[PDB]
Amino acid sequence: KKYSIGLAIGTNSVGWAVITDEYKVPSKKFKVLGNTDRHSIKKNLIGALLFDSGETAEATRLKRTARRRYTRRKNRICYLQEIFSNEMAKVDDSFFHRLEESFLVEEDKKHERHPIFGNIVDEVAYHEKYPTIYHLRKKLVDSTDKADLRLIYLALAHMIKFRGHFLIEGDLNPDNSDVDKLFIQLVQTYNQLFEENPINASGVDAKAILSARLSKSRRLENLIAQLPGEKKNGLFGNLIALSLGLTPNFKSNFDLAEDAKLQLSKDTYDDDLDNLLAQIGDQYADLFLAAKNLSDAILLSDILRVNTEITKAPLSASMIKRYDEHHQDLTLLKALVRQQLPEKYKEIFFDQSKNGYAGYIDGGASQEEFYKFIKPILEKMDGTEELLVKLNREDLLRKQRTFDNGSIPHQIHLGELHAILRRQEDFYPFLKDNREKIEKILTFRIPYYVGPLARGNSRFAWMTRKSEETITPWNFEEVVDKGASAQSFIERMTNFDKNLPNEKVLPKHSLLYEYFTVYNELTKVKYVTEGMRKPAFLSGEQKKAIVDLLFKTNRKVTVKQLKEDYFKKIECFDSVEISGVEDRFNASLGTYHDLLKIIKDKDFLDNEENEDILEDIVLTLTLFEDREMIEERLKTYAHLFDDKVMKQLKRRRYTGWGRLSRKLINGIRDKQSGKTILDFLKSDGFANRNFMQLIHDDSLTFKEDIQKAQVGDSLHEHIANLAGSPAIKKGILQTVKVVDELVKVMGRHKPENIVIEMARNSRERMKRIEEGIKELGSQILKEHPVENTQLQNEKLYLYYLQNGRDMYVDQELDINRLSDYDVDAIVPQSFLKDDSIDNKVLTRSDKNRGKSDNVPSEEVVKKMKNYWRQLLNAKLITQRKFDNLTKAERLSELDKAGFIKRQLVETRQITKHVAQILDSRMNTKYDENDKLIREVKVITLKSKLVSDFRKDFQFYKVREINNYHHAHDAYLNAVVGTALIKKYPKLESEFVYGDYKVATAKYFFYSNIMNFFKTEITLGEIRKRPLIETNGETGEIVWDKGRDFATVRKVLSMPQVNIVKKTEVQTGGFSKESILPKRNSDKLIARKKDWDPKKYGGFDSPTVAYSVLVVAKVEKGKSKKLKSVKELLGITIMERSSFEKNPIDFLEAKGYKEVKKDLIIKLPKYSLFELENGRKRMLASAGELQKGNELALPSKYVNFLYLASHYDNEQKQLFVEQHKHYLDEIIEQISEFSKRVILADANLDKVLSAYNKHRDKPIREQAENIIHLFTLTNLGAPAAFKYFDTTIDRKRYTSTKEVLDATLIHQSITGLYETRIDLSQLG
DNA sequence: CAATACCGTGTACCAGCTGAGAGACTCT
DNA sequence: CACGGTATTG
Ligand SMILES: [K+]
Ligand SMILES: [K+]
Ligand SMILES: [K+]
Ligand SMILES: [K+]
Ligand SMILES: [K+]
Ligand SMILES: [K+]
Ligand SMILES: [K+]
Ligand SMILES: [K+]
Ligand SMILES: [K+]
Ligand SMILES: [K+]
Ligand SMILES: [K+]
Ligand SMILES: [K+]
Ligand SMILES: [K+]
Ligand SMILES: [K+]
Ligand SMILES: [Mg+2]
Ligand SMILES: [Mg+2]
């Protein structure tokens, strides 16, 4: 009675099967609980659990942060009102009340219905004088008269509620008054250097050309046009691009060897400009200085479109400009339409359903939708030239609250705010005392490194307080410890040392950590010369010498440098051979050289006394990102260096963390030697033990202290903390649960083996392509504009990624010829089963790669390596892709053997984690030598094994027929894996978790590893094999080709498979989010307790968490007589907590009385019901049902559908043609299933007519569409499908009355344990 | 209760920690 | 996207 378990782990399924030593699936009687006739049932021990995908926490996180945003914005308004409270009471005692109740209707209003002034005359007068809030903003900024306190509040509140972004550091002081003079000064500074070839700025309207509502690039072309004998890629062209906020590269301008890309907005611009000036000289400094100057004057030309010399509120003035032009253009457009085409006027100005001005202002039409609607109308009319000009600049009839206002920095709003405060503090003293308070309310932002301002009731918070008092925008620095919080922000997330768990790992760029990495690589290098008999380790003295002379003088150390600069220069070796490193050393002393460039003091860095200091500095540069805190923490070392060095140190920041702690690296000492790990790396006699040898050596103390430092998660917690998609972690947890239930099913006997197999955006594509094209300087999107959806075509995506060129040949590709080109695998897919862009390429003909058995040929490499490097720099291909392309100049036979091995050997980390979990759960006992006793072998397989087995022995799978293929996959996994390790017991080292003992031959072996199943094999030449296959040594039978294939065939043909759909309470959003207009419908849900939706509108479409069976009574008629009822009441997500708090009260409040409490059945989604003739239904909600049966199509028809549909060989085609009649029979099957179970008369008859319509079609296509027909019978929700060209729309089960009298089936996870409840016996 | 058709919150920026893949060193 | 909510037509 021994058995094995097969598992197929996916993101929506866990297939499971139990097999004996004869590869048979057992069957058992299982008890059946409940109140029905049936006391037990026969079950095959095979099946599959289905479940809805697990979801990421991301959407939840976005919702949470937006909630915190709304809370804090409301609090901003509340702070402001609190400052205004006393004096507004003197001016208008119900102003803020009218504001808070502005949403209410006039019935529900407690005050007068005009919010600002409280009477109609003054309200109309206000709106006449101030059509938009920006009119009032500009008036309050510019005017000197005392103003109404309510208008002052409204202006400041508008600025504080919509305050703009915080993406620009420092203060901004708009001034565009002398852009022309700054541009002329730039031209003068340039012409100073180049007296031989100056630029004549006379007549160049830089103010207009550069501030035009055009792209930065567009304006570059125009301006260069104004400068004769000057070209856009010359030096002045690049300086103009610089002033415009572009990223020009001055490499060609100065004949540099390295790139000199420069961007003014980048926070690294100062050091980059110093880099460049070190290359070219400080005589050019002024040049870039001048650039900066001009750049400060035109920085915001796009949002500030008004002369800043007339008003101190140029943003509101630009909004007023939008408004005035909207008015003028609307007047003109109305007149033009009235004149030239009156019949359209209504449509344009009255029909909200159309995308006219009506839909633009009152309907749901957007500015883009509106422009698209009205542009043909404009082009048809005459007199619309300037209107079309504004239309094609996205600047016609603009609103003032638009999508593009995200550009506006908070400094602009703050400027207008401070201006209003300065104006009106002359008249209201409280505005003078609270000016900085209001400014702070606008400017204050919770720092990212502080997080929620919690008090011990937030699982997301880490902030610590200096004092226990309420935090406000004004006492934040005093109440909150910014430093401790910034530290905890990073430290709550960083690893501890796996060897010393109570120690934090070092920063990745710590000097100590890089010394460690270097010496660790160095201590395993070996060398020989002529006179040497055998390879020798480097001594301690030799390694110190190499670090000093090579690693501390070059950022990277190449093997050639090691050979010449050391062995020749120091040891006088004319020739030497090196091992332990190839080409160059992986490790390096990057931080050493950075700090050298900064402090310019080699002796300081090399002095060991300073070790700690440097560590701390790097820690501070890694831990903190706020330059002020960096300064605060580094101040204690400001005495050791001068001002300029501290200035450079601040701008020097690092990210990233290592794997080891300082205590492990250079702290713990071996008791006898008294040496740290780094000491042994520096010098260890002639043993040269490295880190792994050092921590595992029993003749040293290190291993003991590691064990002393070592130190209880649950299964759920352990699985949650794995790295992987939540969708697959769900499947992993369900897998472990399934294995537990199966073990219990076998009387708590553990299996011999467990075989596990695990199965294997348009905006990102658009972003990649935009970035690559703008990095390329290409106009390919100008000439061939593309939308993100279109990029889902593989060949077009590859076209855009390749700059429209063949990759194996330096020739342009043609878009319209994409169908004629080839997509080739760089490494051939017979070796590396990689089908991603990283291994694929668009070429005219794949023949041009060279030979199809290897990497693209050397000739192609020689041709194209420069273009490939250009694509790599633009990040249009990856380094992996470039390396695979260029490998011919560097596939050995070892590579191909390894590629096959990896085709068959699972090495994914996540599958290894599933294997670890199962292996640790099964094998818990240790033997007399304290070794683990591996009772259960956990085998892991890739899908190709069972896939090839299916395709070889005609056990074909068609996913669309039903869900059985998951269970069948589990069974085949078990069979193949157990047979495999039975045949070749050595292969355990590769397939069993935890098992380990450490080219043409291994290639042959691993390619033909599965031949032992076959009777005859064609390698190549024909090989014949015996009928009974046995173990090499034991002689145990492993495969009988005369019986075991029949066994697999009978198992795959079993009609009773335990497909279980995991019942799940629904969670998440309460309902659809659309805030719908008011309506008469009880289906409307109030958005606030007192906002009756009949007056105010609200949400509809709530999601049901789970339904509830109620047996009770309802009042009927005017008399209110009671009437016994049994019905399904869906409990929505919003009602759930209330219903669970006290269910009888909830139900009585719903209109049910005398509810039978013990007969209340909670029915989660997908709950299973059986009716008549075995027809099964699943709960989709309280009012809808899903198909609940599986169509067990006979195996012969499955294989027919596979081969006939081309899902080659002559025997297969003759079988397809000989068994053509099968088509009819298949339909018959479907029909007889539907009439019994699906119950969709109209859809079924439409399908039958469609099949009888296309009988004369090729058998291949009729099969390809019979595949689509199974959507009619598929388990789950009804869905639309298409037969050839006809469309069958889903038939929905829109009533749940029938299941109230049917049989409810409570299933365990495997579905073996059932509890059946006859619901007709209730009521 | 049909059959049927419609509908469904979206975008943008900034600061991090983590593992994993891939294909080559060194090792337990 | 998909599939459950809703209103409409009957
Ligand atoms: K019973
Ligand atoms: K966010
Ligand atoms: K009223
Ligand atoms: K020119
Ligand atoms: K609109
Ligand atoms: K015309
Ligand atoms: K609006
Ligand atoms: K290397
Ligand atoms: K940092
Ligand atoms: K292994
Ligand atoms: K729950
Ligand atoms: K959930
Ligand atoms: K969900
Ligand atoms: K269940
Ligand atoms: Mg709220
Ligand atoms: Mg709004």
Side-chain angles (χ1 to χ4, degrees), chain A residues 52 59 62-63 66 165-169 267 366 403-407 445 447-451 486 489-495 505 517 520-526 579-587 622-626 653 655-657 688-697 703 721-724 763 832 834 836 838-839 878-881 883-884 887 890 895 898 902 907-910 912-913 996 998 1066 1069 1071-1076 1079 1081 1083-1084 1099-1104 1130 1165 1180-1186 1242-1243 1276-1280 1289-1295 1297:
Chain A
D52 294 328
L62 301 182
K63 256 78 168 69
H165 66 67
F166 292 77
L167 304 186
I168 290 177
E169 213 176 37
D267 48 321
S366 78
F403 58 97
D404 67 305
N405 293 336
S407 314
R445 185 157 83 112
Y448 70 85
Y449 51 80
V450 182
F489 168 68
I490 296 296
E491 281 191 353
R492 73 197 296 272
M493 303 193 291
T494 44
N495 275 333
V505 304
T517 62
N520 200 44
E521 188 168 353
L522 211 36
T523 191
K524 286 315 187 179
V525 176
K526 280 170 164 169
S579 73
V581 61
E582 312 283 295
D583 182 52
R584 63 141 216 163
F585 281 94
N586 292 325
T622 297
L623 225 28
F624 307 92
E625 190 263 345
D626 176 51
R653 271 172 277 149
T655 64
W657 297 82
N688 273 31
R689 298 175 277 199
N690 69 359
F691 178 60
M692 272 305 118
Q693 291 175 317
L694 287 176
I695 68 170
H696 279 107
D697 200 320
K703 185 166 133 159
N721 293 344
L722 291 183
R763 67 171 289 270
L832 178 71
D834 186 3
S836 70
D838 289 340
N839 194 41
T878 70
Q879 173 78 37
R880 163 173 192 264
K881 187 166 180 174
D883 289 340
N884 282 338
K887 204 183 185 61
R890 287 176 275 110
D895 298 349
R902 291 177 245 147
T907 62
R908 268 148 74 212
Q909 209 63 236
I910 187 72
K912 279 178 177 172
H913 287 311
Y996 72 113
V998 181
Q1066 298 309 105
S1071 71
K1072 275 178 175 186
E1073 290 175 337
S1074 299
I1075 299 145
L1076 303 179
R1079 181 216 296 159
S1081 183
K1083 295 298 181 300
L1084 272 188
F1099 317 112
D1100 74 353
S1101 311
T1103 288
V1104 179
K1165 192 183 179 181
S1181 62
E1184 200 172 329
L1185 298 174
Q1186 295 190 351
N1243 284 21
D1289 181 60
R1290 49 176 169 150
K1291 195 272 172 169
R1292 295 227 248 157
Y1293 307 120
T1294 62
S1295 173
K1297 181 190 177 66

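Proteins get letters first, then strands, A, B, ... in listed order; numbering begins at 1 in each.
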Please give, in whole Å, the distance from C:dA2 P to A:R1290 CZ?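 Checked: the CZ to P distance equals 10 Å.
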Rounded off to whole Å, could you give me the CG-to-P distance for the A:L1185 and B:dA2 pair?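 It is 12 Å, rounded to the nearest whole Å.
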At 4.0 Å (heavy atoms only), tell me whether [X] reaches a base, stays on the sugar-phosphate, or touches nothing.
X       : answer
A:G656  : sugar-phosphate
A:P1102 : sugar-phosphate
A:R902  : sugar-phosphate
A:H696  : sugar-phosphate
A:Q1186 : sugar-phosphate
A:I490  : sugar-phosphate

With both distances kept under 3.5 Å, what pairs with B:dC13, Watson-Crick or G-U wobble?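 Pairing partner, where one exists within any strand: none, as none qualifies.
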Secondary-structure string, 5' to 3', Watson-Crick or G-U under 3.5 Å, | for another-strand partners, for DNA chain C: ..|||||.||
Could you tell me if the bases of B:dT11 and B:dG10 meet the stacking criterion, namely six-membered ring centres under 5.5 Å apart and ring planes under 30° to each other?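 Stacked, because both conditions hold for the base rings of B:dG10 and B:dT11.
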Between N or O atoms, less than 3.5 Å apart, protein on one side and nucleotides 8-10 of chain C on the other: list the pairs.
none

Euclidean distance for [atom1], [N] against [M] (whole angstrom):
N      : M      : atom1 : value
B:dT11 : C:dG5  : P     : 26 Å
B:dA12 : C:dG4  : P     : 30 Å
B:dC6  : C:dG10 : P     : 16 Å

North or south sugar at B:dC13, going by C1'-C2'-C3'-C4' (positive north, negative south)?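 Here the sugar adopts a north pucker, which is what a positive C1'-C2'-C3'-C4' value indicates.
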North or south for the sugar of B:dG10? Use the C1'-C2'-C3'-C4' sign convention, positive meaning north.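 North, since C1'-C2'-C3'-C4' is positive for B:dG10.
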Identify the heavy atoms of A:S1074 and A:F1099 that sit nearest to each other, and give their distance.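 Closest heavy-atom pair between A:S1074 and A:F1099: O-CD2, 3.6 Å.
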A:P1278 and A:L1185: which non-hydrogen atoms are nearest, and at how many Å?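 Smallest interatomic distance, heavy atoms only, reads CD-O, 4.3 Å.
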Contact under 4.0 Å: A:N495 side-chain N or O vs B:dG19 OP1/OP2: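 Checking B:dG19 against A:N495, a side-chain N or O does come within under 4.0 Å of OP1 or OP2.
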Would you say that A:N688 contacts A:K526 through its side chain, given a criterion of any heavy-atom pair below 4.5 Å between the two side chains?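 No, their side chains stay 4.5 Å or more apart.
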Side-chain donor/acceptor contact of A:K1072 with base of B:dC7 under 3.5 Å: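 Checked by distance alone, the answer is yes.
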With a 3.5 Å cut-off and just heavy-atom distances, do the side chain of A:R492 and the base of B:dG16 make a donor-acceptor pair?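 No such pair is found, so the answer is no.
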Within this structure, what is the CZ-CG distance for the pair A:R1079 and A:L1084, rounded to the nearest 0.5 Å?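 Between atom CZ of A:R1079 and atom CG of A:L1084 there are 4.5 Å.
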What protein N or O atoms touch nucleotides 3-5 of chain B N or O atoms at under 3.5 angstrom, if any, and at what distances?
unit_1	atom_1	unit_2	atom_2	d
B:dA5	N6	A:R1292	NH2	3.4

Return the nearest nucleotide to the side chain of A:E625; candidates are B:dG16, B:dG23, C:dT6.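 For A:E625, the side-chain atoms sit closest to B:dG16.
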Among B:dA15, B:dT26, B:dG23, which is the nearest nucleotide to the side chain of A:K524?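 Selected nucleotide (nearest to the side chain): B:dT26.
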Without swapping roles, check the side chain of A:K524 against the backbone of A:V581 for a donor-acceptor pair under 3.5 Å.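 Checked: no pair found.
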